[PDB]
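Respectively, the protein sequence lines represent chains A and A'. A prime marks a further copy of an entry chain.
Heads up, the first sequence is in the deposited numbering, so the first residue is 1 and it goes up one at a time.
Heads up, the second sequence is in the deposited numbering, so the first residue is 1 and it goes up one at a time.
So the structure is just underneath, and the comments pick up after that.
Number of protein chains: 2
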Amino acid sequence: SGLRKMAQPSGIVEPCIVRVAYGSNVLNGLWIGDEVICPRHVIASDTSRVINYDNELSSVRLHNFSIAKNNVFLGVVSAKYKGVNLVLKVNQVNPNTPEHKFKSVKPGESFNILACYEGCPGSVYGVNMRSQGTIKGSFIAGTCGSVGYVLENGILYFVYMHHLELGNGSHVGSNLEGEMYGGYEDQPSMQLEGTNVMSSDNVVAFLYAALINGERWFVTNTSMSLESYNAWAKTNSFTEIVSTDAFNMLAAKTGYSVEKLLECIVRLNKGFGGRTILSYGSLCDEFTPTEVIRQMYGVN
Amino acid sequence: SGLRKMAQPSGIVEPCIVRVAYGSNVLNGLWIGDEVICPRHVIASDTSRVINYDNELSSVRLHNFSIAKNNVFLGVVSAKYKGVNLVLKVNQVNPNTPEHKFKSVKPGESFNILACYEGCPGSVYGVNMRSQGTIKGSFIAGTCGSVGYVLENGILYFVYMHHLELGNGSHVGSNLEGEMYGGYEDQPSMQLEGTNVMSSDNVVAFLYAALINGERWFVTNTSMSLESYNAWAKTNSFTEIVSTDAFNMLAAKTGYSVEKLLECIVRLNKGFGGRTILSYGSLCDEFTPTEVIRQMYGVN
């Protein structure tokens with residue numbers, strides 16, 4: 001039993017991480033095939049002030065890139081912006097390139113961060129995309145270009161590359177096509193995150209995990225209809241539930257309907273009264289139904 | 001900024017994981033050199049009742065072990081108990097054996113779990129050893145033999161192998177020498193965990209992490225001497241602080257003395273008053289000083 005936020009194993013991704021430096025900027029790149037993908041601000045003269053990315057590309061020189069993995073030094077033969085990323089053609093193919101695909105994650109979806117520090121994989125942890133396109137991680141100077149990935153059905157997808165932190169501490173990155181999640185600019189200027197909308201699907205999964213774990217104190221002899229919950233969610237910064245299909249197995253195994261748990265959300269959002277659920281002191285929307293089923297039942 | 005419980009990358013460990021089955025029992029083994037190490041209960045006829053491990057070894061047959069990694073099947077040529085583990089000599093050397101050492105972790109120390117499901121590495125997360133020798137993870141049937149490890153100064157240490165869950169949900173395992181942490185028996189019978197003693201060193205590190213993060217609401221114009229704190233800790237299920245050396249850098253960078261944070265512990269242990277620190281609702285002892293310095297400053 002137990003519920004922990006996990007990451008999928010990082011081995012397949014680690015050999016793709018390189019150090020990319022330009023001038024005094026140092027970050028990470030993703031070396032796949034004969035390309036290195038990294039955040040384009042590595043070439044900016046001064047990342048502490050608003051950047052004119054036209055001017056930075058105008059004055060770039062390919063020779064000034066310093067890209068390395070251990071004792072392998074990679075020369076840049078072509079450089080393009082692709083959205084907020086640089087795509088750098090290099091003079092060597094990564095012999096450890098894994099089979100892979102690219103996709104974008106959506107709000108409420110979980111994925112893995114390989115946190116890399118000036119070219120060195122340092123740690124791995126799980127995240128969940130928030131409604132405004134942000135994650136709550138732990139990133140510092142030297143960790144841009146850290147890679148997010150997810151394995152599905154034996155297929156490796158690259159889904160995230162790290163770019164910046166907002167003034168409220170939320171973390172912002174892009175897909176590997178260089179589209180920033182949430183639409184944020186790759187600038188140091190103040191950008192607001194709007195209101196965080198909790199993932200109702202994930203809160204339902206969390207309450208199911210507690211029930212699987214034998215923790216049932218919060219369930220009452222009450223239950224809320226789906227339309228009723230959705231009308232409440234729309235004014236309480238929770239998402240509307242569009243389908244209950246993701247909960248069929250959880251409901252069958254625990255014996256608790258989704259609607260009982262919807263009533264629990266509305267009641268518990270007012271506060272836990274000093275109690276905890278799975279050691280949390282308030283509702284948690286970081287776990288998907290899939291994540292809960294996998295770690296608590298060991299299936300799909 | 002931010003603080004997350006992380007794991008060190010798992011790639012070096014993943015190629016060492018094998019499926020070990022005997023009869024109807026299925027768990028994981030650690031294949032290093034020409035040895036596979038696994039929990040000895042894989043050979044027990046009925047793990048739901050007290051096991052006479054003499055009787056199970058008496059009736060073992062080497063041919064009945066089924067050990068595999070992908071399309072590699074390993075034959076057992078010798079079997080010994082070493083404490084609560086089996087050490088199995090096999091007929092092939094693991095060509096992906098990493099350089100490694102063995103050591104034991106101590107209460108308050110962090111390490112990484114590679115959670116493995118019937119021979120397949122599934123996920124990786126960080127843990128911290130509790131005073132009674134337990135961890136709070138997420139383990140289910142099929143995950144025994146999952147491996148705990150820590151990288152220090154480029155050296156890989158294997159430190160934990162998973163065996164059982166106590167009635168209160170705490171997780172129990174052994175070192176790779178087969179000594180069970182906490183002294184628990186590898187039996188399904190009720191075993192109590194005594195009182196959990198919080199790691200004061202780690203709580204101090206957690207409060208420093210909050211201060212590094214710019215969260216300072218909980219500090220007051222008060223400070224508690226070291227002997228005074230230790231007398232309080234001894235009757236409040238916290239460890240005594242033996243040395244402040246681990247906090248020199250944290251204190252220098254934040255400007256806050258250890259003694260200010262000791263006063264914070266005594267005050268906050270009575271409750272956070274509905275507030276949070278780094279999103280937690282009560283004090284957290286899962287992070288070491290080293291962990292905080294590494295992820296928040298990127299040093300050693």
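All C-beta atoms in this analysis are idealised placements derived from N, C-alpha and C, irrespective of residue type, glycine included.
### Query
Are residue 239 of chain A and residue 292 of chain A touching if we call contact CB-CB under 8 Å?
no
### Query
Is the CB-CB distance between residue 64 of chain A' and residue 75 of chain A' below 8 Å?
no
### Query
Using a Cβ cut-off of 8 Å, which residues of the segment 150-177 of chain A contact any Cβ in chain A', in chain order?
165, 169 and 171
### Query
residue 190 of chain A: buried (16+ other C-beta within 10 angstroms of its C-beta) or exposed?
exposed
### Proximal residues of chain A', C-beta to C-beta of residue 259 of chain A below 7 Å
In chain order: nothing, as chain A' lies at least about 27 Å away.
### Task
May I ask you to verify whether the segment 96-106 of chain A touches the segment 153-164 of chain A, counting CB pairs closer than 8 Å and requiring at least 3?
yes
### Query
So is residue 255 of chain A buried or exposed if we call it buried at 16+ other beta carbons inside 10 Å?
exposed
### Query
Along the chain, where does the beta strand (DSSP E) that runs through residue 66 of chain A open and close?
65-69
### Task
Please list, in chain order, all residues of the same chain as residue 193 of chain A whose beta carbon is under 7 Å from its beta carbon, the five residues on each side excluded.
132, 134, 166, 168 and 170
### Task
Under the assumption that residue 142 of chain A contacts residue 298 of chain A' (Cβ atoms under 8 Å), give the Cβ distance between them as a whole number of angstroms.
6 Å
### Bounding residues of the beta strand (DSSP E) (the contiguous stretch that carries residue 147 of chain A)
147-152
### Query
Taking the alpha carbon of residue 174 of chain A' as the point to measure from, which residue in A'/277, A'/144, A'/160 and A'/108 has its own alpha carbon closest?
A'/160
### Query
Counting contacts by CB-CB distance shorter than 8 Å, is residue 145 of chain A in contact with chain A'?
no
### Query
Name the residues in the segment 188-212 of chain A' whose C-beta lies less than 9 Å from a C-beta of chain A; which are they?
none
### Query
Can you name the residues of chain A whose CB is closer than 7 Å to the CB of residue 267 of chain A'?
Per Cβ cutoff of 7 Å: no residues; residue 267 of chain A' is ~17 Å from chain A at best.
### Query
So what's residue 217 of chain A' in DSSP terms, helix, strand or just coil?
coil
### Query
On the three-state DSSP scale, how would you describe residue 2 of chain A?
coil
### Presumed contact (8 Å Cβ cut-off) between residue 243 of chain A and residue 195 of chain A, rounded CB distance
Wrong, their Cβ atoms sit about 24 Å apart, outside the cutoff.
### Task
Look up residue 15 of chain A in the DSSP assignment and say whether it is helix, strand or coil.
helix
#### Entry: Limits of the alpha helix (DSSP H) - the one that residue 227 of chain A' falls within
226-234
### Task
Put residue 55 of chain A into one of helix, strand or coil per three-state DSSP.
helix
### Task
Establish whether the CB of residue 181 of chain A' and some CB of chain A are separated by less than 8 Å.
no
### Task
Answer yes or no: does any C-beta atom of chain A fall closer than 8 Å to that of residue 138 of chain A'?
yes
### Task
Tell me, please, whether the CB atom of residue 20 of chain A is closer than 8 Å to any CB atom in chain A'?
no
### Query
Exposed or buried, what is residue 62 of chain A when buried is set at 16 or more other beta-carbons lying within 10 Å of its beta-carbon?
exposed
### Partners in chain D for residue 23 of chain A, counting only beta-carbon separations shorter than 8 Å
The question asks about chain D, but that chain is absent: this structure's protein chains are A and A'.
#### Entry: Top-ranked residue by Cα proximity to residue 19 of chain A, from A/116, A/80 and A/57
A/116
### Task
Tell me, please, which residues DSSP counts as bridged to residue 36 of chain A'.
A'/31 and A'/88
### Query
Is residue 33 of chain A buried or exposed, if buried means 16 or more other CB atoms sit within 10 Å of its CB?
exposed
### Task
Please look up how many angstroms separate the CB atoms of residue 201 of chain A and residue 233 of chain A, rounded, as I've assumed it's under 8 Å.
So it is not a contact: roughly 11 Å between Cβ atoms.
### Message
Are the CB atoms of residue 29 of chain A and residue 178 of chain A within a distance shorter than 8 Å?
### Response
no
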